[PDB]
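S.K.: Starting from these lines, generate the structure:
(2 chains)
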Amino acid sequence: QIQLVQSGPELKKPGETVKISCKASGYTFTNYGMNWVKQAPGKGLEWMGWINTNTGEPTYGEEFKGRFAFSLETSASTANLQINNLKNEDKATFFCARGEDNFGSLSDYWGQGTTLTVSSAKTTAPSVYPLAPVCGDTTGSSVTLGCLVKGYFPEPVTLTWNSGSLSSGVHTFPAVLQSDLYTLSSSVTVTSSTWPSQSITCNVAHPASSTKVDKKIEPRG
Amino acid sequence: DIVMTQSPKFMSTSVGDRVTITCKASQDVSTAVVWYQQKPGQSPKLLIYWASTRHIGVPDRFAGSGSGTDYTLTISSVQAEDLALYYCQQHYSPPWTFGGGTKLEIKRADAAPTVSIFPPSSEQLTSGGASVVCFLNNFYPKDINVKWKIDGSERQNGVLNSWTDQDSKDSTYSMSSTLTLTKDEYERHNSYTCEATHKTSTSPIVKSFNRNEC
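M.R.: Numbers count the residues shown, from 1 in each chain, chains lettered A, B, ... in the order given. The coordinates are given below.
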């Protein structure tokens, strides 16, 4: 039906330029202009502007006329936003969303969001640990065991237990930046019959480094 | 620019009840009000436009309303998956200005935490660092204080604290308290404790370790 996929999230150090792509599907590009929105973390939603996907000409918001530049490859129905001289205060997730009407007073159908971290910090791979318990039956016939993904940059990391099969019982806690790097953790609770009998595993992917890790939480107690 | 003001910022309602979110503009915006819903870790969905008309397929639980500078979005038979950040955009004049959002939290029955303290991994110990990891899962209310105690001495430094958002199945929260320490510091001590204080008790929930077989 209508789908708008955006580029993968980018790491750029202060000063560079970044072109985020929004490849639109499902509708007819030429009849519906594009809205670009800014979701800062601590602030909520900001209309950045709109581009007439027919004539090509853009209306910028006041907070953005000058480092942001909307453009599009109509041939591929892609609308692209570029930010020149990245000031770290551009740390956000920019959305493309369809202007239902002329000028965009209604964004029906939004795209997935592209995240931008403007940092000078170095890409650092994570170091993954299996957090087995000093036994301790965690409530009725359940053992909870974890996996700690420590010290990497940047976000994200893709933690899955047992290649996706362990989907219930999982809590992956939000990653937190301790100044220069990230720490992550998830727990999973399984019944005693299941472990140490079946083979519980943590698979962790940090694609920035190009890292794919698989830790057996083997019983060390 | 027209200015949409959303107050309050957080709302709690129980499953099956009514909640209403209030939005207000800085001049008669002649009913040109849109409401989006942003599901946690998702994009916004347009629910209502022109204050009260539903977009294609937002089920009639959601009732837009208002006039002039004062508008409101009502939701009934509130679902544990109704948890989201609700925003009003206005759509009368450019530029199209939003509101601050309102987080609709689901009031639940009280639930007490499932606390798990974890020893440093041998492999982390090999790298000269230790991390004790306390997991506090599936508690309700929101607020639980966790203190660390290394040999009776309250540790108040070195802890990173992560909370899960509200769960949209059982409406609960979960925390991850991580003490990161030095090998040599770990080995200078032996009792490690994750002590937690949540509404469901009087007497602190207290989990503590050191390596012994089972």
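
S.K.: alpha carbons only for contacts and neighbour counts from here, please
M.R.: Noted.

S.K.: How about the contacts made by the closest residue in space to residue B:99 that isn't next to it in sequence?
M.R.: Leaving aside its sequence neighbours, residue B:99 sits nearest to residue B:4 (CA to CA, 6 or more residues apart in numbering or on different chains; 4.8 Å). Residue B:4 is in contact with B:23-26, B:88-90, B:97-100, counting by CA atoms under 8 Å, 6 or more residues apart in numbering or on different chains.

S.K.: tell me the contacts of the most centrally placed residue in chain B?
M.R.: Computing the C-alpha centroid of chain B and ranking residues by CA atoms, centre = their mean puts residue B:165 first, at 3.5 Å. For residue B:165, the contact set (CA under 8 Å, 6+ apart) comprises B:173-174.

S.K.: Kindly state the beta-bridge partners for residue A:71.
M.R.: residue A:80 (DSSP bridges).

S.K.: neighbours around it, how many?
M.R.: Close neighbours of residue A:71, defined as other CA atoms under 10 Å in any protein chain shown, add up to 20.

S.K.: follow-up on the earlier one: just put the contacts of residue B:4 in a markdown table and tack on neighbour count and distance to residue B:82.
M.R.: Conversion of those to a markdown table gives the following (neighbours: other CA atoms under 10 Å in any protein chain shown; distance: CA to CA, whole Å):
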| residue | neighbour count | distance to residue B:82 |
| --- | --- | --- |
| B:23 | 28 | 18 |
| B:24 | 24 | 22 |
| B:25 | 22 | 25 |
| B:26 | 13 | 28 |
| B:88 | 32 | 16 |
| B:89 | 28 | 19 |
| B:90 | 30 | 22 |
| B:97 | 21 | 24 |
| B:98 | 26 | 20 |
| B:99 | 23 | 19 |
| B:100 | 20 | 18 |
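
S.K.: can you put those residues in JSON lines and add distance to residue A:116 and secondary structure?
M.R.: JSON lines is the format used below for the contacts of residue B:4 (distance: CA to CA, whole Å; DSSP: H, G, I helix; E, B strand; the rest coil):
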{"residue": "B:23", "distance to residue A:116": "30", "secondary structure": "strand"}
{"residue": "B:24", "distance to residue A:116": "31", "secondary structure": "strand"}
{"residue": "B:25", "distance to residue A:116": "31", "secondary structure": "coil"}
{"residue": "B:26", "distance to residue A:116": "32", "secondary structure": "coil"}
{"residue": "B:88", "distance to residue A:116": "25", "secondary structure": "strand"}
{"residue": "B:89", "distance to residue A:116": "24", "secondary structure": "strand"}
{"residue": "B:90", "distance to residue A:116": "27", "secondary structure": "strand"}
{"residue": "B:97", "distance to residue A:116": "23", "secondary structure": "coil"}
{"residue": "B:98", "distance to residue A:116": "22", "secondary structure": "coil"}
{"residue": "B:99", "distance to residue A:116": "23", "secondary structure": "coil"}
{"residue": "B:100", "distance to residue A:116": "21", "secondary structure": "coil"}
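
S.K.: Now compare those residues and name the two farthest from each other.
M.R.: B:26 and B:100 (14.1 Å; CA to CA).

S.K.: Quick check: closest non-adjacent residue to residue B:73.
M.R.: Nearest to residue B:73 is residue B:64, by CA to CA, 6+ apart, at 4.6 Å.

S.K.: any idea how far that neighbour lies from residue B:136?
M.R.: 38 Å (CA to CA, to the nearest Å).

S.K.: Report the contact partners of residue 131.
M.R.: Looking at chain A here, since you left the chain open. A:145-148, A:217, B:118-121.

S.K.: The intended chain is chain B.
M.R.: Shown in contact with residue B:131 (CA under 8 Å, 6+ apart): B:119-121, B:124, B:178-181.

S.K.: Those also near chain A: which ones?
M.R.: Contacts with chain A within these, as defined by CA under 8 Å from any CA of the partner chain: B:119-121, B:124.

S.K.: Reformat the residues you listed as TSV; add neighbour count and secondary structure.
M.R.: Shown next, in TSV, are these (neighbours: other CA atoms under 10 Å in any protein chain shown; DSSP: H, G, I helix; E, B strand; the rest coil):
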residue	neighbour count	secondary structure
B:119	21	coil
B:120	24	coil
B:121	21	coil
B:124	18	helix
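
S.K.: got these as TSV, with distance to residue A:61 columns?
M.R.: Below are those laid out as TSV (distance: CA to CA, whole Å):
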residue	distance to residue A:61
B:119	53
B:120	51
B:121	52
B:124	50
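
S.K.: ok, the nearest residue to residue A:142 once chain neighbours are set aside - how many residues close by?
M.R.: Among residues not flanking residue A:142 along the chain, residue A:191 sits closest, at 4.3 Å (CA to CA, 6+ apart). Using other CA under 10 Å as the criterion, residue A:191 is surrounded by 15 other residues.

S.K.: And for the one 10 residues further on?
M.R.: Residues lying near residue A:201 (other CA under 10 Å) number 22.

S.K.: any idea how far the nearest residue to residue B:102 once chain neighbours are set aside is from residue B:104?
M.R.: Ranked by CA to CA, 6+ apart and with sequence neighbours excluded, the top spatial neighbour of residue B:102 is residue B:9, at 4.5 Å. In this view, residue B:9 and residue B:104 are 9 Å apart by CA to CA.

S.K.: How about residue B:15?
M.R.: Residue B:15 is 11 Å from residue B:104, by CA to CA.

S.K.: And for the residue of chain A found nearest chain B, the neighbour number?
M.R.: Evaluated by CA to the nearest CA, chain A has residue A:105 as its residue closest to chain B, separated by 4.9 Å. Residues within reach of residue A:105, counting by other CA under 10 Å, total 26.

S.K.: Repeat that for residue B:184.
M.R.: Count around residue B:184 with other CA under 10 Å applied: 12.

S.K.: which non-adjacent residue is nearest residue B:83?
M.R.: Closest to residue B:83 by CA to CA, 6+ apart is residue B:104, at 5.4 Å.

S.K.: So that neighbour: helix, strand or coil?
M.R.: Here residue B:104 is strand, with the state taken from DSSP: H, G, I helix; E, B strand; the rest coil.

S.K.: Hmm, it is touching residue B:12, no?
M.R.: Yes. Taking contacts as CA atoms under 8 Å, residue B:104 lies within contact range of residue B:12: 5.7 Å.

S.K.: any idea how chain B splits into domains?
M.R.: B:1-108, B:109-211 (curated CATH domains).

S.K.: and of the ones you listed, who's closest to residue A:99?
M.R.: Once the domains of chain B are compared by CA to CA, domain B:1-108 is nearest, at 11.5 Å.

S.K.: Could you work out the end-to-end span of that closest one for me?
M.R.: 40 Å.

S.K.: now do stretch B:87-101
M.R.: Stretch B:87-101 end-to-end distance (CA to CA) = 4 Å.

S.K.: residues in contact with residue A:48?
M.R.: With CA under 8 Å, 6+ apart, residue A:48 has these contacts: A:35-38, A:60-61, A:63-64.
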